[PDB]
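Enquirer: For reference, the structure I am asking about is given below.
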Amino acid sequence: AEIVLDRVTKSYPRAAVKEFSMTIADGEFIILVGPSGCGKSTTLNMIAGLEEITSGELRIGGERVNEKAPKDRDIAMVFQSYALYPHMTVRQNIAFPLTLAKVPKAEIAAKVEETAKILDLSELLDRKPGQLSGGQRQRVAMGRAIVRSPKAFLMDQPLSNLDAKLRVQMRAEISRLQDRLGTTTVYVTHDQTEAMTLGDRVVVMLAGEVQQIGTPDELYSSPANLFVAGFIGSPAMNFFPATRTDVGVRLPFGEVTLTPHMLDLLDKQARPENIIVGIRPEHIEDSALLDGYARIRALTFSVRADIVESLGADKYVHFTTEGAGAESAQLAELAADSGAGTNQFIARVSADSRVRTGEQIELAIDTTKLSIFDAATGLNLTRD
Amino acid sequence: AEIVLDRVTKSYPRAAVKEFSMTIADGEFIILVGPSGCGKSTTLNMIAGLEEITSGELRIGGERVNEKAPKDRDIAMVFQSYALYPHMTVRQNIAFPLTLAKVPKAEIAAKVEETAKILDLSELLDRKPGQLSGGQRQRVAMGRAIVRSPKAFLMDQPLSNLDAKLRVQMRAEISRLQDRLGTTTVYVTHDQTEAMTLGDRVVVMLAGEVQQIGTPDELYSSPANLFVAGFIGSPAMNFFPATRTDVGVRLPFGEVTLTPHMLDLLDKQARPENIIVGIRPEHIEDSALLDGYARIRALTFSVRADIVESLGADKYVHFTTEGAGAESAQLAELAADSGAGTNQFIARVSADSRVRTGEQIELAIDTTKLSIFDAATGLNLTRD
Amino acid sequence: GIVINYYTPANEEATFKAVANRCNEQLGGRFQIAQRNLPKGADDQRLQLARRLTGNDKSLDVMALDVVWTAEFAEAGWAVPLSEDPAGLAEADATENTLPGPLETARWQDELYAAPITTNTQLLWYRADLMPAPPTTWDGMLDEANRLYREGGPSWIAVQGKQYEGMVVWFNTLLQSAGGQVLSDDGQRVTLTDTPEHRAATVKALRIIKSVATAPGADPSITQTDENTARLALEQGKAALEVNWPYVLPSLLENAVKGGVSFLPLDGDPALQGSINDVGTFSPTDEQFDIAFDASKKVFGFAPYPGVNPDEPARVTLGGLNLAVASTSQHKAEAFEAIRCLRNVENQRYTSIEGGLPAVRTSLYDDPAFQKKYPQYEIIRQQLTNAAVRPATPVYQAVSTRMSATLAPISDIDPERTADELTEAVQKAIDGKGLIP
Amino acid sequence: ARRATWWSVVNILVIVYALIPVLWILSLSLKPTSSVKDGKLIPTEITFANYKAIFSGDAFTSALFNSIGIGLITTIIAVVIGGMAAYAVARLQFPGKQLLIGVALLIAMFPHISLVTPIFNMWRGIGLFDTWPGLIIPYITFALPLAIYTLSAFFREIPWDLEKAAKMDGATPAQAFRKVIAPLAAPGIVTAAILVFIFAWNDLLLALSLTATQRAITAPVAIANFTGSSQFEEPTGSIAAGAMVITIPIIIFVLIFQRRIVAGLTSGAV
Amino acid sequence: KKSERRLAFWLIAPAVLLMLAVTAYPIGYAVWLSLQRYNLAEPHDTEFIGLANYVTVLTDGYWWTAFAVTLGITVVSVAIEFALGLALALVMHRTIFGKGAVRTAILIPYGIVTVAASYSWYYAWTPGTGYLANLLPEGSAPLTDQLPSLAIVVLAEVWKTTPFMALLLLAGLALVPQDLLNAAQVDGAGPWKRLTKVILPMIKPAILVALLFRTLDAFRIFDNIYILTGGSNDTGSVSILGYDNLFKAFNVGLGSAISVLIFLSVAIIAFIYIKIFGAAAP
Ligand SMILES: Nc1ncnc2c1ncn2[C@@H]1O[C@H](COP(=O)(O)OP(=O)(O)OP(=O)(O)O)[C@@H](O)[C@H]1O
Ligand SMILES: Nc1ncnc2c1ncn2[C@@H]1O[C@H](COP(=O)(O)OP(=O)(O)OP(=O)(O)O)[C@@H](O)[C@H]1O
Ligand SMILES: OC[C@H]1O[C@H](O[C@H]2O[C@H](CO)[C@@H](O)[C@H](O)[C@H]2O)[C@H](O)[C@@H](O)[C@@H]1O
């Protein structure tokens with residue numbers, strides 16, 4: 001079945017979950033996102049039935065979730081600590097759920113062999129936790145969820161203690177086997193990239209409030225507010241400081257007019273003169289082969305790339321751009337996520353670009369595909 | 001001053017360095033890289049003199065430097081732990097190296113004030129390490145090195161235990177500090193992206209020995225072996241199974257008659273037959289707006305989407321290759337980092353690609369920047 | 001059965017076990033004597049009982065005790081006088097044929113708090129292997145040590161030199177042959193210098209003490225001496241004389257028949273072999289006794305102790321053991337009857353004979369088998385009639401340690417000083433004052 | 001090369017520094033009445049008779065029994081009261097256990113004899129003059145702190161988040177408890193029980209005063225009084241044999257428990 | 001909150017009651033006994049009030065000297081004990097090979113019944129018989145003659161305690177990061193100066209409690225004196241003086257007073273280590 005909640009609130013001595021409402025369709029591999037110390041582990045504890053509820057009466061599909069025994073919820077979960085049993089072999093650990101459920105030995109034996117072969121860990125089922133890698137241990141904890149065939153699955157950042165090279169393999173495993181399971185399945189993480197890497201739909205929260213829910217490309221293209229826009233993409237969309245002229249910007253950098261339909265869409269509620277745009281660094285290029293239709297709106301203007309780095313097919317370049325308009329609560333708490341100054345930006349420019357460190361060079365921008373955001377209101381004026 | 005060594009080995013029950021010989025000029029910001037266990041952190045131990053000599057000799061300027069003069073080697077190094085002494089304030093900790101160097105107390109005080117103004121640190125000189133943030137503590141560990149203004153500074157994984165945002169921001173600090181100092185500086189890492197952030201020269205090694213050493217773009221563009229070709233970049237080249245024809249190469253789909261000079265370069269050696277193709281995933285696209293000279297050599301074939309995600313400028317699309325002929329010791333030991341399977345590959349196609357998961361889709365290759373390797377020796381036929 | 005524990009020093013337990021068995025036969029199984037076996041150490045034995053008493057251990061039954069501390073045990077009510085025994089006989093029994101001095105010694109404030117059972121004094125026990133006759137004067141003892149040492153002969157003479165009661169007792173004997181006494185006959189006043197002549201006798205004894213502390217060819221190791229080692233010196237022939245209890249005779253005869261007595265290797269004799277029985281214990285026929293006895297007379301003689309003055313009979317300090325029923329005792333009347341049966345004439349016989357040590361019934365002086373069993377008995381009777389005795393004093397134990405403390409500093413024996421020093425100490429002892437050294 | 005052999009030499013000197021005097025004791029138990037330091041190395045005649053001589057001493061055999069039994073009862077009581085008060089480290093009440101549990105360690109250091117006097121006075125008043133509880137209660141009082149402290153060291157490791165894993169799994173709280181909590185804790189208990197037994201059994205200052213009956217005398221005090229009823233003041237190879245049989249128990253304990261017991265004492269440096 | 005708080009009170013109460021009962025009434029009955037001047041040999045002869053009873057003992061030179069020799073014994077013992085304790089803990093930590101067997105070697109002498117060791121140290125020093133004693137010239141016998149025997153007391157007893165100090169001190173060497181030592185040894189301090197300047201401050205709290213225990217446990221000693229001498233050569237410690245009262249004097253007032261004075265005497269040194277040096281438990 002689906003799983004759903006409404007009005008969900010939890011209140012420590014201070015409001016780590018607040019009024020939340022949702023449902024997840026079955027087989028959905030939903031990705032859950034927020035800063036560390038958002039309501040993540042608390043809502044997980046509430047979904048486990050262990051946490052107390054200030055308000056709400058959720059449904060684990062076919063039962064009142066706020067109103068029933070926790071083991072009787074018939075779910076599974078894996079902790080970021082990898083809770084594990086040093087007084088057991090891996091085989092005995094894999095049997096822990098089955099033996100908890102009084103499962104007959106021959107069935108239990110077939111079940112552990114199956115999940116151990118869904119892992120690679122069938123090579124060492126006789127080993128105890130004293131002789132496993134952290135990744136082998138993590139997978140084993142994954143198996144400790146998997147073998148029970150629950151109604152639903154929860155993942156409290158399981159990838160976290162693997163290195164990146166392990167973590168990408170884990171992301172693929174989680175995906176394929178959640179697909180192979182077809183269960184309602186949830187994962188929570190602090191980084192944006194894993195939520196880009198996997199999950200049908202995505203949900204994002206701050207201070208116990210659910211901020212947005214949607215497909216990750218809608219989040220990638222119409223994030224409702226500057227903070228939830230900034231929390232996604234590691235080369236975040238450059239919030240170049242700006243002020244409105246009723247035709248575009250009173251440009252501190254560039255020279256941009258706004259295209260007439262996008263302008264008359266903005267004009268419907270253009271109350272703030274203080275505004276900002278999400279300059280995605282991938283918009284920003286050296287004009288190296290720009291002939292034809294790309295000439296019409298290139299709006300190219302100079303900055304002096306502080307540094308450039310040949311990461312791949314893009315050789316990212318850092319630059320700075322002075323101005324006024326990029327001041328807000330959303331931007332300040334984005335800078336509390338990590339600080340970088342006020343004018344400092346990057347272009348995701350093509351690595352064949354002629355740019356060498358320590359020169360002023362003219363950066364072109366595909367300005368027809370910029371967003372617009374209320375600097376005063378803290379919200380995306382272009383879309384949600 | 002400059003860094004040099006020759007015939008360096010240390011041996012443990014075996015050779016953690018295989019008689020290494022190399023140098024880097026004075027005032028440099030060099031980087032060293034390899035997989036865990038390759039001896040890399042060991043080499044730093046040998047440079048510290050805290051690792052002894054089986055063979056070979058060294059200098060940092062001057063000559064023949066021993067292992068019983070670590071403090072007389074004019075070097076300093078923040079450890080992989082960022083550890084520092086809690087028995088003190090930050091001020092006492094930063095003074096500890098200089099005061100132990102018998103610096104007169106007022107100069108010691110001025111020198112720590114200089115460093116504490118150079119770093120983010122003067123505000124917490126009175127705090128002990130028991131009451132610092134992980135970032136300010138990491139900064140303090142830098143302080144504990146740079147206070148010596150050493151003849152070399154040796155960064156042993158000082159920026160890897162932070163989060164991603166902290167790590168890249170620390171890379172900008174490290175840059176501006178090495179720039180501000182102009183002194184000979186080394187960093188060492190278990191990943192390529194650290195050196196991709198910066199490295200005025202870059203070195204990569206395996207099993208106690210150097211495999212390539214030079215400017216980061218040559219390292220990126222012309223790998224000396226399958227090992228280094230796999231280590232460079234996050235989307236490693238899809239080293240597809242193939243065979244050598246007297247006109248080019250038989251790849252599993254989109255196989256090619258090779259351009260005549262590259263072909264006669266391939267024909268310059270009589271022995272090669274078993275060969276594999278360097279499918280660098282970013283060199284791959286949809287034809288849907290490919291209106292240019294590349295259409296002379298699209299070499300396209302239909303490939304199945306195991307998964308695709310619009311993760312940024314690119315749709316990363318997972319697939320798998322056909323046939324067999326890409327199995328080797330270098331491929332296997334390079335595949336020790338993650339679950340690479342047997343033919344599993346990705347294309348980094350532009351994200352405006354009108355494509356979905358599960359379907360089979362005609363995929364176009366920039367063969368103008370394709371490449372080739374010799375499968376038994378495990379090195380590029382295409383470049384060096 | 002109804003066990004009566006005979007708590008005693010363990011040293012003679014075999015005798016006590018065999019006689020207790022003979023008594024348990026005689027009791028017809030009504031109640032059973034059983035040996036509770038106290039430390040060889042005197043004080044320890046004496047003060048281990050104080051623990052069991054203070055806790056009122058219900059297993060505490062019949063306690064042997066040395067005559068001295070009886071006043072304290074009576075004053076504290078730890079045993080009941082012979083008038084209170086519900087058998088009625090016990091007072092009359094302890095009165096009947098008991099020798100006078102011991103009977104008087106049990107009479108705390110004239111009340112017999114306990115019954116006497118055995119007694120001892122130290123002999124001038126002289127080897128005839130070198131010396132012609134024993135020195136009957138303590139200065140004569142210095143002269144014989146000097147002579148024998150000048151001869152390079154068996155020059156040592158054996159004495160109770162260590163810091164415990166034996167040194168104090170020896171001193172008390174020396175002092176009272178010099179007419180001196182430690183406290184008044186009531187205990188109501190120190191008397192070591194209550195006359196300047198008592199002071200003179202005290203420092204005269206102190207001069208004697210310092211002189212025997214350094215006499216020519218004495219025991220070189222006398223600093224810690226006790227009867228074990230003291231006998232060892234004489235029977236090895238290192239000494240020519242022993243100042244020791246009557247136990248010297250039977251233990252020497254046993255060791256002669258072990259062959260260890262250097263001048264009397266009676267182990268060579270087939271009548272004396274096997275007289276040492278399966279438990280190594282000399283158990284003679286009348287022939288084996290007379291043979292060993294004659295061979296001992298040929299090379300040894302017991303005598304009265306050396307006088308503190310020329311031709312003055314030594315007032316040797318009397319010693320002995322009394323039996324008392326502890327006020328813990330459940331079978332108290334039965335215990336009184338058990339005390340009576342250990343007092344019986346065949347027990348007195350057995351303890352003098354198999355036990356080898358002086359019983360207290362006077363009538364045995366008239367028995368040729370007792371005169372055989374203790375040839376010294378008449379010297380014992382005379383010296384007992386002449387004896388010095390320690391003052392009946394509840395604080396005696398503490399007083400004697402206070403006295404002992406003064407002796408300790410052997411290196412400096414200032415007669416005039418130490419006599420005033422110990423006078424202060426025994427005043428403080430009578431005063432009951434101070435944290436005890 | 002040479003530095004390792006040099007270290008091994010330092011190690012051998014430590015093992016000698018330990019093994020020597022107890023070896024002097026054990027070997028001295030076998031002397032043929034030599035009494036003269038001849039048995040320095042490989043005694044002339046290994047005189048077995050001391051073994052049967054001490055075994056014939058049924059006062060000693062009862063004192064041994066008394067000591068073992070009073071050891072077992074005190075470790076049991078001390079563990080069961082101590083553990084369930086080393087617990088309440090999962091609890092942490094407002095008052096502040098940690099700040100006040102200071103006394104526990106302070107009274108572990110307390111001078112026994114200072115309370116031995118009033119204790120003995122009380123036992124002189126009450127019926128418990130030198131019955132078993134007259135040891136057991138006082139002994140428990142000096143066992144108590146080290147028991148609390150050492151169980152608290154395991155319970156500072158006791159990962160209470162495994163209860164969240166258990167609750168998330170299908171097992172009932174009791175079902176999980178009896179198949180994880182006890183399995184984890186048991187080495188911590190048994191080593192603490194052995195430890196407090198060892199620390200109890202070595203005690204003498206109280207026992208050598210608050211006791212005299214054959215019913216309550218213990219092996220240490222009995223061995224100390226083996227000067228009595230020795231044949232001819234020979235508490236010599238006999239008392240040495242007594243020490244040997246007391247100490248074999250310690251050896252056969254510690255040679256098994258070594259790795260575990262150091263973890264207990266160090267509170268974590270296994 | 002109050003649910004768990006009341007639960008914790010009920011859970012801790014049995015041990016709290018036990019430790020209280022087995023201490024409070026004893027100390028009370030002692031203080032009551034002091035000035036209630038009385039003797040077990042004088043069973044009805046109780047003074048109903050004895051002011052300055054303890055001042056008799058406090059005035060006695062024999063007490064004051066007995067007090068002094070206990071301290072003289074302890075502090076010397078503690079000093080060499082500490083020096084050996086760290087030396088052992090260092091070796092036991094930094095072993096080239098034998099760390100398990102060395103752990104066995106360390107524990108065995110600690111785990112001993114203390115009277116056994118006391119008798120060992122009593123015979124090795126008896127003349128003629130003693131495997132150590134015979135190496136002296138004639139007339140020596142170091143068990144005798146007061147001060148020479150105190151050297152044997154110290155030797156005998158620190159050999160008995162030392163592994164426990166080493167175990168407790170190893171907590172310092174265990175917590176310190178090895179790379180912290182490598183960083184330190186990767187500087188300008190010669191090994192001894194480096195090791196001391198770096199390790200000592202990290203060792204501080206373990207050092208404090210080790211000294212706190214070793215001080216008190218040495219101070220309330222008895223066995224290694226009594227089971228080696230009777231206190232007879234004026235070798236009498238505080239403890240043997242304390243015991244002799246209940247052994248011989250039977251003045252329960254005196255026995256109390258010395259017991260109480262013993263309690264104050266630990267109370268001050270505990271208060272110093274705790275408050276003046278700042279010592280506190282793990
Ligand atoms: N028992 C508690 N008492 C008081 N505050 C709490 C308690 N538990 C959690 N909080 C607070 O509520 C917030 C929510 O924590 P939650 O467990 O939901 O996520 P987290 O574990 O802190 O971080 P993440 O889940 O992202 O790893 C936290 O920031 C925390 O400070
Ligand atoms: N002193 C030593 N004795 C024996 N082997 C050693 C020693 N030091 C290192 N090694 C070997 O090196 C390997 C550990 O890797 P290394 O020494 O390079 O440190 P590292 O931290 O793994 O390096 P990096 O972090 O750069 O990968 C081990 O597998 C071990 O066999
Ligand atoms: O005769 C054997 C007894 O010797 C010791 O008692 C004697 O020696 C004491 C002095 O040390 C005297 O006080 C005592 O009067 C003597 O009888 C020993 O204490 C006794 O147990 C022996 O029976």
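Residues in the structure tokens are numbered from 1 in each chain, the chains being A, B, ... in the order shown, and ligands are numbered from 1 in the order shown.
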Chain A near chain D within 9 Å: what's each residue's closest atom pair and its distance in Å to one decimal, counting only C-alpha atoms, ordered by chain then ascending residue number, as a tab-separated table?

Expert:
```
residue	atom	partner	partner_atom	distance
A:48	CA	D:168	CA	6.8
A:50	CA	D:167	CA	8.3
A:70	CA	D:168	CA	6.8
A:71	CA	D:170	CA	5.1
A:72	CA	D:170	CA	7.6
A:74	CA	D:170	CA	7.6
A:75	CA	D:168	CA	7.9
A:76	CA	D:168	CA	7.1
A:77	CA	D:168	CA	7.3
A:78	CA	D:165	CA	8.5
A:79	CA	D:165	CA	8.2
A:83	CA	D:162	CA	6.3
A:84	CA	D:162	CA	7.9
A:85	CA	D:180	CA	8.0
A:86	CA	D:184	CA	8.4
A:87	CA	D:184	CA	7.0
A:96	CA	D:169	CA	8.6
A:97	CA	D:169	CA	6.4
A:98	CA	D:170	CA	8.6
A:99	CA	D:171	CA	8.4
A:100	CA	D:171	CA	4.7
A:101	CA	D:170	CA	6.0
```

Enquirer: Got a sec to check which residues lie within 9 Å of ligand 2, using only C-alpha atoms and all ligand atoms, and send them as an MDAnalysis selection string?

Expert: chainID B and resid 11:16 33:45 51 80 156:157 188:190 207:208

Enquirer: Work out how far apart atom CA of residue 52 of chain A and atom CA of residue 92 of chain D are and give it in Å to one decimal.

Expert: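 Distance reported for this atom pair: 21.1 Å.
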
Enquirer: Using backbone DSSP assignments, extract all strand (DSSP E or B) residues from segment 141-374 of chain B; output them as a PyMOL selection string.

Expert: chain B and resi 152-156+185-189+201-206+209-214+238-245+248-250+256-257+274-279+284-285+301-304+307-309+314-320+344-350+360-365+372-374

Enquirer: Give me, as an MDAnalysis selection string, the residues of chain D touching chain C, with the criterion being at most 7 Å (counting only C-alpha atoms).

Expert: chainID D and resid 124 129 212 228:229

Enquirer: Hey, list the chain E side of the contact with chain C: 7 Å cut-off, only C-alpha atoms, answer as a compact mmCIF listing (two decimals) with C-alpha atoms, in the first residue's frame.

Expert:
```
# COMPACT_ATOMS: atom_id res chain seq x y z
CA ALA E 41 38.21 -5.70 81.29
CA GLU E 42 36.09 -3.20 83.37
CA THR E 56 45.54 11.92 75.84
CA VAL E 57 46.48 9.99 72.66
CA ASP E 60 51.32 10.80 73.65
CA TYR E 62 54.32 7.07 71.41
CA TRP E 63 51.26 7.81 69.24
```

Enquirer: Report as a PyMOL selection string all protein, DNA and RNA residues lying within 9 Å of residue 154 of chain D, evaluated on only C-alpha atoms, omitting residues in the same chain fewer than 6 positions from it.

Expert: chain D and resi 185+188-189+264+267-268

Enquirer: Counting only C-alpha atoms and all ligand atoms, which protein, DNA or RNA residues come within 10 Å of ligand 3, given as a PyMOL selection string?

Expert: chain C and resi 8-12+38-46+64-69+118-122+160+162-170+226-227+244-248+317-321+357-358+389-390

Enquirer: Could you list, as number ranges by chain, the residues of chain A having an atom within 10 Å of chain B when counting only C-alpha atoms?

Expert: A: 163-170, 172-173, 175-176, 191, 193-198, 216-217, 220, 233-235, 280-283, 307-314, 316, 337-340, 348

Enquirer: Could you list, as a list in words, every residue within 9 Å of segment 266-277 of chain C, counting only C-alpha atoms and ignoring same-chain residues fewer than 2 positions away?

Expert: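 My reading of the contact set: residues 253, 254, 255, 256, 257, 258, 259, 260, 261, 264, 279, 280, 281, 282, 283, 284, 285, 287, 288, 289, 291, 292 and 295 of chain C.
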
Enquirer: Leaving out residue 253 of chain E and any residue of its chain fewer than 3 positions from it, which residues lie within 7 Å of it when counting only C-alpha atoms, given as an NGL selection string?

Expert: :E and (33-38 or 256-257)
